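Here's the structure we're looking at; comments come further down.
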Ligand SMILES: Nc1nc2c(ncn2[C@@H]2O[C@H](COP(=O)(O)OP(=O)(O)OP(O)(O)=S)[C@@H](O)[C@H]2O)c(=O)[nH]1
Ligand SMILES: Nc1nc2c(ncn2[C@@H]2O[C@H](COP(=O)(O)OP(=O)(O)O)[C@@H](O)[C@H]2O)c(=O)[nH]1
Ligand SMILES: Nc1nc2c(ncn2[C@@H]2O[C@H](COP(=O)(O)OP(=O)(O)O)[C@@H](O)[C@H]2O)c(=O)[nH]1
Ligand SMILES: [Mg+2]
Ligand SMILES: [Mg+2]
Ligand SMILES: [Mg+2]
């Protein structure tokens, strides 16, 4: 069964496909698996409460008696033929669930640091496939591999001190001089032969073999079927985490960086990955600000310690003199005013940095939308200047029209 | 319609110089290449005018052109004389056999005929005549460089070389000196005559315009990720399609009677009439079965993974069709789809069927995470024919 | 018994077979018994030859290679000595030319070759140069004989190859792997008198020599072979039959090896065995069936538990040793870093810290792992843990 | 011929010392390396003035400049001697031929002539004269140590080493010592005369300024491409783009009658007039056909996988264009886009077409999970030109 969630959204167990007992068995393994692998991913003002909440089967999904509720952890996971995918709530609409997939991967393209191509994703737009995050990241792995295997096969050179019936390469002399004449019929050479089954090819044969076994499309089954035939002579391996560390990216296999990072993102039971929606917006806004703020340079994660260090998500300073704090919040900001938890942190970030502070918030049809300019000016009775900026999201499309509107509102703010 | 396939090879082999009969296995690519050379140069065996040679994964350049090899010398201790491979024993042979018919006033025809004897010698070279072989080979490449390009295009004996399974070996490593030479222009006598200096023996070497290197590439193994520049431009690729037109009643009768004898063709007529009467009196059954199963292969997987037509070409009864479907089609079908079951039953259009007359029946015990494993099921008699009559 | 009616059919329409199957099934024993029942040679040697493969096996020991040799306590003299495959292919040729009416022109010299080819350790070069002279006469003779005389050679020779998947089959056959197709052999339609690289004498597989492989496919599947092995050969799956482990079937199998007075002791011990198991004659049949049908749905079909391990049980203590040192080591080997699926193969999932073959360790780990540990049971408690596998 | 690709090789090879003609397959890279050296040295065969070798993956460092190679003497069969490769036999040949017209070798001009005989000797060196060869070699590197740099700047011959497919071998390993000699001011006579010490023989070695190295690498493959940044400085890369301008009506008559200067110029011209008259009297058809494929390959594939102008150069008739399409470049296009059918339909500009006069017909049978694949169609006649007029 395929189940899909948006951030802070619920599904009924009666309407859902499959079995009632089957889905709740899949989740308790996933929330437990998120507990052991929680510390690998960074957060930003998450209020995670690592001791109590995550180990109570509330790590990724809150499984309840009457419904199934998603926390603010975005991504996907495939467990026990119950494929779960959690999209952001910002891309929620009012092919009907194919626009938020390419919106989320493009927000996973710019924020998280991936180097995927837009024409890789635009190939899938309109082919009426079943929307699934695991079916597209296997495709993004398989297409970027088959576009990097079609040119060259990555045959890397190792040297072997082999006793050959012929003579290839440099003849070892200290091993041939001390050769008895009863065994003179084989040369003892040290040939730098190119092997096809290197460590990077043992991984990509194993990463395809664990992908074709767990794929469900008709496009990925054809593409991984051609990749497995190209890797036919390679002896297979069992994938571990030691194999993904033992290879290093030099200049002669640098073009295999794009399929390998996606092969490390999906393989290392469980499959997939999860990230916090607060930090992914904190990373995504950081791409927008430094591009859109020419007058003043901006650094993310600068920290100033009170008295326990409370650090802004981003601060922009021209040289050192202007202190314009920019704290990225994923909150909906209901009733056109910041909440108690938000404005209390905005007060501290301005005071310990005469410092204006701007809060960027999400804006679409689903999320709360303010007017086009800088919506809310606030003073906290200390000559402060709190500006509520809102970035519109044309990221569901491929054109960046809202970046010009975000620059025009920031130019009036700067 | 096989003389056009002996003309499709023949029109490309005088224009590009060498071909590759690429196609799915069980088609006749080895048989078309072998029965074209035997029909052209009337020599039923290898050796003199053509040499059959297959490739493998551990085949190296030193076995093909030349390499240092230990060789015994008159039942005594070994020496380390450099041995010419299987190509250089026929590339030099195609030169010195063509240089008989050339009437020039500089040919050492007594010396060239002595070199031709030492090249066709089936025994290995003894050191009393190996130095006579290397000295006469030195006279050959002093003579070839002195002949003009006008007298090195019309060499009469067409030498051949059936490279079987050319994609199985590493093609760019075997053809070391033969991905700069195997063009029609880079041969001897052409406009771009190149005599390439070899690394091991140190003597210059150039392919003559007689040698045509026919290749028979299986493409269900070590697929189309080829060299794509060197081993793809030189070879004029001929697709040998798996033709189900040879699987009718008359076409199976015509194939198995021409190679047959007097008493064999009457028994092959009685056997094939018994076979197709058990199938439903369908004279076009095995054609329609192979054509239907080939369309399902080219839709799901690649178009060059189709089941060929050399398998069903040697059937005479239902029991022989059973032993070619369960040992040369269904193990071959489970090889292409990498032990998949939900798409291997759509090829037989048995996607929504289980436990009946199906070639892959579902086991009635699912796994822990809801997975299911199918199992091959042997059939017999009219149950198997009813399992074949719903593939169409 | 019934597999010998399948190998005998497939060895005529293909020419070679590979008996693949899970380890401890009968793959070596079916290949050995079929050849002995066909050629009535209880020992290897004359009409058949047994050979294993390994990772560092060579072309020099299979077909033809160089080997040193002393000449009356002198310096090392290198001589070309034929391997296993060429000594059984030339033997299948010179034995087949006895019953040919056209090969009677050299019947004395061909018979001299067959006596020389079945004897061991040719000690002097005076018969070796006689041997190389007779072999050149043999290939000069069969090169000028018609295809009708060389299609039906009477005495069939066999080559039982053990562990066909282990050897580097693209190296140890070399460029001779295209001599195994039935239309590519000697006396076929497209025959090939191909030349060997070392000694230069020609070589061709006669149509007597059938290649009965044997493939332990617990490590390497049939799709993971070399590409010139899944099409030249023809695969017979020797499935693990649990029907050889009944009360009457285990008695009939053990009745062939022992004597008459040993049989009554064998009858009394098997009556003592199955009475302790709960008076179930169908017990060891349904034990492997309830294991293998749970093995083949969580792993491949080629990872099952065979039936040669349970063919020597006489008491419960012997079955205690077989289940703990010969079968459960295989299940821990096939399921590494995975304790849940092996707990479902035994269908003991959710039951820990009792009469369980893998008890749960109390400790959890740094991040939290299950990390079970096997438990050696004994006595009636072991049968109480084996009864609930059924 | 002398306009661009000749005058920019000769200017750049005289300035840098080494030229690599990198470019996609089907372009005149081997040809412009062969034509430039033969038109310079006036020797249409290898040997004395120039040597044409080619690299591969079985090529050794020990067989290039220096290595231990076991020779076969008479009474001692296994004798391990150090044998100079092909580069040390062309670098020493370029040195001792250039040192015939010097004025500081006045004691050993007979010794330099005797050393030049031993290097031009194609016979294998007997061990009675190999020590005479080694005594003259260590006399040579004593003589250039006493030679001034003003007299080693101008050596009047011009020796060449056309290595072909340089990028195939392990170029960091083959050029062992040559990764620090191959520069214009690091040869003999340059501003930094470097005489390095070879490992095996222990004799010093330095590339003369007489030598030039014209590599022709291929850049369609990527796993063998030359990314050694310390080696790309030594060479001087010349991109030979595949020019479709050699496929016009006037250009095919000027390229094919320059080489074939026989009396068949009236035969080629009336055949090339008949070929373009069947193409709609379009004198720029094959120029437009190769241009509208190479641009459409550049945008989706890499820019170095383009179709060259050596496929369509040897066309004569529509029947010959049909042979070079369906057997050379259409299996090439199915290799670039291997079961990527929406791309290969678009490269031939048949994206919306799925029936009729088209190369790839759509199958009328879709798959289980919504996949769909196409099928070739062997066209002929004016319908084939109607399928080529849609590309341009
Ligand atoms: N006259 C003439 N012929 C050309 C020209 N360019 C290419 N050719 C022809 O192309 C043919 C082969 O081109 P070639 O240079 O050998 O390709 P290549 O460099 O070897 O291709 P690769 O496989 O190594 S990558 C030759 O027959 C030559 O006549 C040209 O500019 N003028
Ligand atoms: N008579 C006849 N036999 C054919 C034809 N095509 C194939 N065969 C048969 O196919 C068999 C050879 O198959 P082969 O070429 O080895 O298949 P492949 O090399 O794996 O592609 C021979 O036994 C032939 O009898 C044909 O056109 N005519
Ligand atoms: N009597 C008898 N013994 C069998 C049978 N099947 C297997 N065996 C035994 O199984 C053993 C052979 O196992 P083997 O095939 O070599 O296992 P492998 O290692 O996978 O090849 C022999 O010692 C036989 O005693 C059978 O049907 N009857
Ligand atoms: Mg073949
Ligand atoms: Mg065995
Ligand atoms: Mg070239």
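Structure data summary
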item	result
Residue in the stretch C:213-231 that is nearest to ligand 5 (Cβ to nearest atom), counting only those that are surrounded by fewer than 22 Cβ atoms within 10 Å (Cβ to Cβ) and away from chain B (no Cβ under 11 Å)	C:216
Which listed residue is part of a strand (DSSP E or B) and surrounded by 15 or more Cβ atoms within 10 Å (Cβ to Cβ), from A:192, A:154	A:192
Selection from the stretch C:296-330 of residues that are outside any loop (DSSP other than H, G, I, E, B) and within 14 Å of chain B (Cβ to nearest Cβ)	C:301, C:302, C:303
Some residue of the stretch D:354-375 being facing another protein chain (nearest Cβ under 9 Å), part of a strand (DSSP E or B), away from ligand 5 (no atom under 16 Å from the Cβ) and in contact with a helix residue (DSSP H, G or I) (Cβ under 8 Å, 6 or more places away or on another chain)	yes
Matching entry among B:136, B:152, B:178 (being within 30 Å of residue C:140 (Cβ to Cβ), surrounded by 15 or more Cβ atoms within 10 Å (Cβ to Cβ) and in contact with a helix residue (DSSP H, G or I) (Cβ under 9 Å, 6 or more places away or on another chain))	B:136
Top-ranked residue of the stretch C:202-212 - restricted to ones that are out of contact with any helix residue (DSSP H, G or I) (no Cβ under 6 Å at 6 or more places or on another chain) and within 14 Å of chain B (Cβ to nearest Cβ), ranked as nearest to ligand 2 (Cβ to nearest atom)	C:204
Which listed residue is more than 14 Å from chain D (Cβ to nearest Cβ) and outside any helix (DSSP H, G or I), from B:273, B:283, B:269	B:283
Lone unmet requirement of (1) outside any loop (DSSP other than H, G, I, E, B); (2) over 29 Å from the mean Cα position of the chain (by Cα); (3) within 14 Å of chain A (Cβ to nearest Cβ) for residue D:339	(1)
Selection count, the stretch C:153-185, where residues are part of a loop (DSSP other than H, G, I, E, B), away from ligand 5 (no atom under 16 Å from the Cβ) and within 14 Å of chain B (Cβ to nearest Cβ)	8
Answer residue from the stretch C:311-330, given it is within 20 Å of the chain's Cα centre (by Cα) and farther than 25 Å from residue B:375 by Cα and is farthest from ligand 3 (Cβ to nearest atom) among those	C:326
Selected residue (only one of A:96, A:42, A:9 is surrounded by fewer than 16 Cβ atoms within 10 Å (Cβ to Cβ) and touching a strand residue (DSSP E or B) at 6+ places or on another chain (Cβ under 7 Å))	A:9
Flag if residue C:38 is away from every other protein chain (no Cβ under 12 Å), in a helix (DSSP H, G or I), surrounded by 15 or more Cβ atoms within 10 Å (Cβ to Cβ) and more than 15 Å from ligand 3 (Cβ to nearest atom)	yes
The stretch D:51-65: number of residues that are away from ligand 6 (no atom under 16 Å from the Cβ) and in contact with a strand residue (DSSP E or B) (Cβ under 6 Å, 6 or more places away or on another chain)	1
Lone qualifier among D:199, D:242 - being buried (at least 17 other Cβ atoms within 10 Å of the Cβ) and either within 16 Å of ligand 5 (Cβ to nearest atom) or assigned to a loop (DSSP other than H, G, I, E, B) (or both)	D:242
Filter result for residue D:107 (surrounded by 22 or more Cβ atoms within 10 Å (Cβ to Cβ) and either within 11 Å of chain B (Cβ to nearest Cβ) or more than 31 Å from the chain's Cα centre (by Cα) (or both))	no
Residue within the stretch D:81-88 that is surrounded by fewer than 22 Cβ atoms within 10 Å (Cβ to Cβ), within 11 Å of chain B (Cβ to nearest Cβ), more than 22 Å from residue D:216 (Cβ to Cβ) and touching a strand residue (DSSP E or B) at 6+ places or on another chain (Cβ under 6 Å) present	yes
Search result, residues across the stretch C:110-123 that are within 18 Å of residue C:83 (Cα to Cα) and surrounded by fewer than 17 Cβ atoms within 10 Å (Cβ to Cβ)	C:115, C:116, C:118, C:119, C:120, C:121, C:122, C:123
Hey, residue C:333 more than 30 Å from the chain's Cα centre (by Cα), away from ligand 2 (no atom under 16 Å from the Cβ), away from chain B (no Cβ under 14 Å) and part of a helix (DSSP H, G or I) or not	no
Conditions (1) within 16 Å of ligand 1 (Cβ to nearest atom); (2) more than 10 Å from chain B (Cβ to nearest Cβ); (3) not in a helix (DSSP H, G or I); number of the one not met by residue D:75	(1)
Test: residue in the stretch B:127-144 that is within 16 Å of ligand 1 (Cβ to nearest atom) and either more than 9 Å from chain D (Cβ to nearest Cβ) or over 24 Å from residue D:54 (Cβ atoms) (or both)	no
Lone unmet requirement of (1) more than 16 Å from ligand 2 (Cβ to nearest atom); (2) assigned to a strand (DSSP E or B) for residue B:20	(1)
Matching entry among D:15, D:3, D:44 (being at the interface with chain B (Cβ under 10 Å from one of its Cβ atoms) and either more than 16 Å from ligand 3 (Cβ to nearest atom) or assigned to a loop (DSSP other than H, G, I, E, B) (or both))	D:44
Residue check, residue A:75 at positive phi, away from chain C (no Cβ under 14 Å) and surrounded by fewer than 16 Cβ atoms within 10 Å (Cβ to Cβ)	no
Filter result for residue D:118 (assigned to a helix (DSSP H, G or I) and farther than 22 Å from residue D:55 by Cα)	yes
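Ideal geometry is used to build each Cβ from the backbone, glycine not excepted, and the neighbour counts take in all protein chains shown. The numbers here are math on the coordinates, done by the rules we state, and not lab data.
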